[PDB]
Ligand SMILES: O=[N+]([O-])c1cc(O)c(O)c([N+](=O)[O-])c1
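Okay, so here's just one chain, in structure tokens, the form solved without ligand DNC.
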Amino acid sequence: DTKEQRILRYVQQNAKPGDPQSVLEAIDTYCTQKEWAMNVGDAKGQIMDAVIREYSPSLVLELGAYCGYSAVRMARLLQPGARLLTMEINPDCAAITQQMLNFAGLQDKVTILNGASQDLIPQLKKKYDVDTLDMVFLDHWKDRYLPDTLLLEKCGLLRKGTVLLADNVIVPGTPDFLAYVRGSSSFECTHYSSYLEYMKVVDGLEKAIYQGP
């Protein structure tokens, strides 16, 4: 069985149905006590939460779902009528994430898209009825942060004010991405330091607000 299936069983056995907070605490507990996961963090969590609250986005795109932790985290803070589109390359993780969202009661706010970001991004306008995105959360393969940012721009999916939030930009690391957004007059960047408790290393997230062409 997969790590994601194990985390879901722990959630089903320990968390309270329909309670996103309880689902997040269960996942935090499992990952701290039993099996580490890169996408889970409570302190990376507070940073994500603060950004969602500040910008109250109506349409969020997430790259990388995994067990669905970050989808639960964001979707619980979205307003009635707001939508999260989350893209996941692995069909098993896509299935776990749907089950996690159903358990949390957040199914009505989230659409899971199965496939690779570079295949799905150019389809968002025609197939999924997107005009522009209010926010994008980058948490997929690190080597794809920069090409996918350039693709989102090129496909006309970013508007002036669209918030990009990129996780793990220090470890594993994303130096081409950071150089591009911090150097470009098309972006306004803020860095958020984030400690990785298990490995005992400083990481971070980058917030990059698109300014238009």
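Residue positions are given as counts along the sequence shown, with the first one as 1.
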| property | result |
| --- | --- |
| Mean C-alpha B-factor comparison - 174-182 and 40-48, higher one | 40-48 |
| 122-130 versus 67-75 - which carries the larger mean C-alpha B factor in the record | 122-130 |
| Criterion, highest CA B-factor; candidates, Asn168, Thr162, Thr149, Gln33 | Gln33 |
| B-factor third for the C-alpha atom of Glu62 within its chain | lowest |
| Third assignment of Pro20 from its chain's C-alpha B-factors | middle |
| For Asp143, the third of its chain into which the C-alpha B factor falls | middle |
| Third of the chain, ranked by Cα B-factor, where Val136 sits | lowest |
| Third of chain Cα B-factors occupied by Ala82 | highest |
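Here the subject shifts to the form deposited with ligand DNC bound, a form of this protein not shown in this document.
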item: Every residue of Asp134, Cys189 and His191 near ligand DNC in the deposited complex, heavy atom within 4.5 Å; value: no
item: The single option of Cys155, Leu59, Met38, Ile47 touching ligand DNC in the deposited complex, heavy atom within 4.5 Å; value: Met38
item: Per-stretch contact check against ligand DNC in the deposited complex, the hit in 76-84, 122-130, 135-143, 98-106 (non-hydrogen atom, 4.5 angstroms); value: 135-143
item: Ligand DNC contact at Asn168 in the deposited complex, heavy atom, 4.5 Å; value: yes
